[PDB]
Amino acid sequence: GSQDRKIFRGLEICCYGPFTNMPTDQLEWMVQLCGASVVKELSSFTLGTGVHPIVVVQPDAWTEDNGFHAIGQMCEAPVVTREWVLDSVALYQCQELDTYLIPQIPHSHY
């Protein structure tokens with residue numbers, strides 16, 4: 001570019017859920033500051049030219065009642081805890097989503 005760069009450069013990340021009491025408006029801002037774009041919903045994603053779709057979650061305030069075992073099935077993008085957004089905005093670099101994406105593994109406590 002000229003006077004910009006952004007670590008995301010054409011990106012779309014949506015924060016689903018209340019998380020806690022900050023990772024909502026401040027989260028979309030951070031991503032936006034990194035080059036991404038705040039997506040209202042999952043269906044809001046649009047295949048432009050260099051805009052990649054991404055999703056964010058946080059099994060904290062969501063608690064158990066509706067069901068969080070169907071994120072990727074409901075969204076057509078990679079869901080990653082705010083850790084990604086934070087880890088990326090912290091050091092400034094599009095970190096691997098797989099590091100904060102939906103684990104989904106057999107068993108739970110062993």
# chains A, B, ... in the order shown; residues from 1 in each chain; ligands from 1
$ select_by_dssp --residues "segment 6-101 of chain A" --states "strand (DSSP E or B)" --output "mmCIF file with C-alpha atoms, in the first residue's frame"
data_model
loop_
_atom_site.group_PDB
_atom_site.id
_atom_site.type_symbol
_atom_site.label_atom_id
_atom_site.label_comp_id
_atom_site.auth_asym_id
_atom_site.auth_seq_id
_atom_site.Cartn_x
_atom_site.Cartn_y
_atom_site.Cartn_z
ATOM 1 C CA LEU A 11 -11.035 -9.851 6.417
ATOM 2 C CA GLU A 12 -14.408 -10.518 8.056
ATOM 3 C CA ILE A 13 -14.778 -11.598 11.690
ATOM 4 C CA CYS A 14 -18.015 -11.859 13.668
ATOM 5 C CA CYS A 15 -18.194 -12.175 17.451
ATOM 6 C CA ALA A 36 -10.646 -6.991 9.183
ATOM 7 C CA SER A 37 -14.294 -5.970 9.006
ATOM 8 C CA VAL A 38 -17.005 -6.304 11.650
ATOM 9 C CA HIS A 52 -11.825 -13.923 4.014
ATOM 10 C CA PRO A 53 -14.728 -14.954 6.312
ATOM 11 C CA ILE A 54 -14.033 -15.735 9.972
ATOM 12 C CA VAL A 55 -16.072 -16.397 13.117
ATOM 13 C CA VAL A 56 -15.420 -15.892 16.831
ATOM 14 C CA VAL A 57 -16.887 -17.496 19.961
ATOM 15 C CA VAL A 79 -14.948 -20.126 14.535
ATOM 16 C CA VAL A 80 -12.145 -19.056 16.882
ATOM 17 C CA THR A 81 -12.280 -17.802 20.473
ATOM 18 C CA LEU A 101 -10.707 -22.918 16.754
#
$ residues_around --residues "segment 82-96 of chain A" --least-positions-apart "2" --cutoff "8 Å" --atoms "only C-alpha atoms" --output "PDB file with N, CA, C and O atoms, in the first residue's frame"
ATOM      1  N   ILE A   7      -2.659  -6.384   9.344  1.00  0.00           N
ATOM      2  CA  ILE A   7      -2.280  -7.794   9.369  1.00  0.00           C
ATOM      3  C   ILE A   7      -3.361  -8.680   8.759  1.00  0.00           C
ATOM      4  O   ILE A   7      -3.090  -9.805   8.340  1.00  0.00           O
ATOM      5  N   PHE A   8      -4.588  -8.172   8.709  1.00  0.00           N
ATOM      6  CA  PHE A   8      -5.702  -8.924   8.145  1.00  0.00           C
ATOM      7  C   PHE A   8      -5.890  -8.581   6.669  1.00  0.00           C
ATOM      8  O   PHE A   8      -6.004  -9.474   5.828  1.00  0.00           O
ATOM      9  N   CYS A  15     -18.229 -11.697  16.074  1.00  0.00           N
ATOM     10  CA  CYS A  15     -18.194 -12.175  17.451  1.00  0.00           C
ATOM     11  C   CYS A  15     -19.590 -12.579  17.913  1.00  0.00           C
ATOM     12  O   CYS A  15     -20.443 -11.729  18.164  1.00  0.00           O
ATOM     13  N   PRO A  23     -15.369  -8.133  25.105  1.00  0.00           N
ATOM     14  CA  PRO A  23     -15.147  -8.763  23.797  1.00  0.00           C
ATOM     15  C   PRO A  23     -16.397  -8.739  22.919  1.00  0.00           C
ATOM     16  O   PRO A  23     -16.947  -9.785  22.573  1.00  0.00           O
ATOM     17  N   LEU A  27     -13.965  -5.803  20.527  1.00  0.00           N
ATOM     18  CA  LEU A  27     -13.394  -6.915  19.780  1.00  0.00           C
ATOM     19  C   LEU A  27     -13.447  -6.644  18.281  1.00  0.00           C
ATOM     20  O   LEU A  27     -12.448  -6.801  17.579  1.00  0.00           O
ATOM     21  N   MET A  30     -10.891  -3.963  17.394  1.00  0.00           N
ATOM     22  CA  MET A  30      -9.530  -4.482  17.328  1.00  0.00           C
ATOM     23  C   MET A  30      -9.273  -5.158  15.984  1.00  0.00           C
ATOM     24  O   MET A  30      -8.272  -4.879  15.324  1.00  0.00           O
ATOM     25  N   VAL A  31     -10.188  -6.033  15.571  1.00  0.00           N
ATOM     26  CA  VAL A  31     -10.048  -6.720  14.293  1.00  0.00           C
ATOM     27  C   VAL A  31     -10.062  -5.708  13.157  1.00  0.00           C
ATOM     28  O   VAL A  31      -9.238  -5.762  12.246  1.00  0.00           O
ATOM     29  N   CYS A  34      -7.005  -4.129  12.605  1.00  0.00           N
ATOM     30  CA  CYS A  34      -6.005  -5.019  12.025  1.00  0.00           C
ATOM     31  C   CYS A  34      -6.236  -5.232  10.529  1.00  0.00           C
ATOM     32  O   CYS A  34      -5.447  -5.908   9.868  1.00  0.00           O
ATOM     33  N   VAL A  56     -15.982 -15.878  15.486  1.00  0.00           N
ATOM     34  CA  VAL A  56     -15.420 -15.892  16.831  1.00  0.00           C
ATOM     35  C   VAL A  56     -16.460 -16.329  17.862  1.00  0.00           C
ATOM     36  O   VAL A  56     -17.650 -16.053  17.713  1.00  0.00           O
ATOM     37  N   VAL A  57     -16.000 -17.017  18.906  1.00  0.00           N
ATOM     38  CA  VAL A  57     -16.887 -17.496  19.961  1.00  0.00           C
ATOM     39  C   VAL A  57     -16.257 -17.317  21.340  1.00  0.00           C
ATOM     40  O   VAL A  57     -15.170 -16.755  21.468  1.00  0.00           O
ATOM     41  N   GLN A  58     -16.950 -17.799  22.369  1.00  0.00           N
ATOM     42  CA  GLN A  58     -16.457 -17.695  23.739  1.00  0.00           C
ATOM     43  C   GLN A  58     -17.387 -18.423  24.708  1.00  0.00           C
ATOM     44  O   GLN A  58     -18.363 -17.851  25.194  1.00  0.00           O
ATOM     45  N   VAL A  80     -13.294 -19.079  15.981  1.00  0.00           N
ATOM     46  CA  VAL A  80     -12.145 -19.056  16.882  1.00  0.00           C
ATOM     47  C   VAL A  80     -12.381 -18.122  18.062  1.00  0.00           C
ATOM     48  O   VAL A  80     -12.796 -16.979  17.885  1.00  0.00           O
ATOM     49  N   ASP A  98      -6.555 -22.245  13.875  1.00  0.00           N
ATOM     50  CA  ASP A  98      -6.565 -23.606  14.405  1.00  0.00           C
ATOM     51  C   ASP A  98      -6.125 -23.641  15.869  1.00  0.00           C
ATOM     52  O   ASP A  98      -6.452 -24.575  16.600  1.00  0.00           O
ATOM     53  N   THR A  99      -5.376 -22.627  16.289  1.00  0.00           N
ATOM     54  CA  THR A  99      -4.888 -22.554  17.663  1.00  0.00           C
ATOM     55  C   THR A  99      -5.996 -22.148  18.634  1.00  0.00           C
ATOM     56  O   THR A  99      -5.887 -22.376  19.838  1.00  0.00           O
ATOM     57  N   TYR A 100      -7.059 -21.546  18.111  1.00  0.00           N
ATOM     58  CA  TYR A 100      -8.174 -21.114  18.948  1.00  0.00           C
ATOM     59  C   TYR A 100      -9.514 -21.497  18.328  1.00  0.00           C
ATOM     60  O   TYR A 100     -10.550 -20.928  18.670  1.00  0.00           O
TER      61      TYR A 100
END
$ atom_distance --atom1 "atom CA of residue 3 of chain A" --atom2 "atom CA of residue 50 of chain A"
18.8 Å
$ residues_around --residues "residue 51 of chain A" --least-positions-apart "2" --cutoff "6 Å" --atoms "only C-alpha atoms" --output "PDB file with C-alpha atoms, in the first residue's frame"
ATOM      1  CA  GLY A  10      -9.524  -7.692   3.703  1.00  0.00           C
ATOM      2  CA  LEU A  11     -11.035  -9.851   6.417  1.00  0.00           C
ATOM      3  CA  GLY A  48     -15.526 -10.058  -2.628  1.00  0.00           C
ATOM      4  CA  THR A  49     -11.945 -10.181  -3.884  1.00  0.00           C
TER       5      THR A  49
END
$ closest_residue --among "A:76, A:4, A:25, A:64" --to "residue 43 of chain A" --atoms "only C-alpha atoms"
A:76
$ select_by_dssp --residues "chain A" --states "alpha helix (DSSP H)" --output "PyMOL selection string"
chain A and resi 25-33+71-74+82-91
$ atom_distance --atom1 "atom CA of residue 46 of chain A" --atom2 "atom CA of residue 21 of chain A"
28.4 Å
$ closest_residue --among "A:24, A:63, A:32, A:104" --to "residue 6 of chain A" --atoms "only C-alpha atoms"
A:32
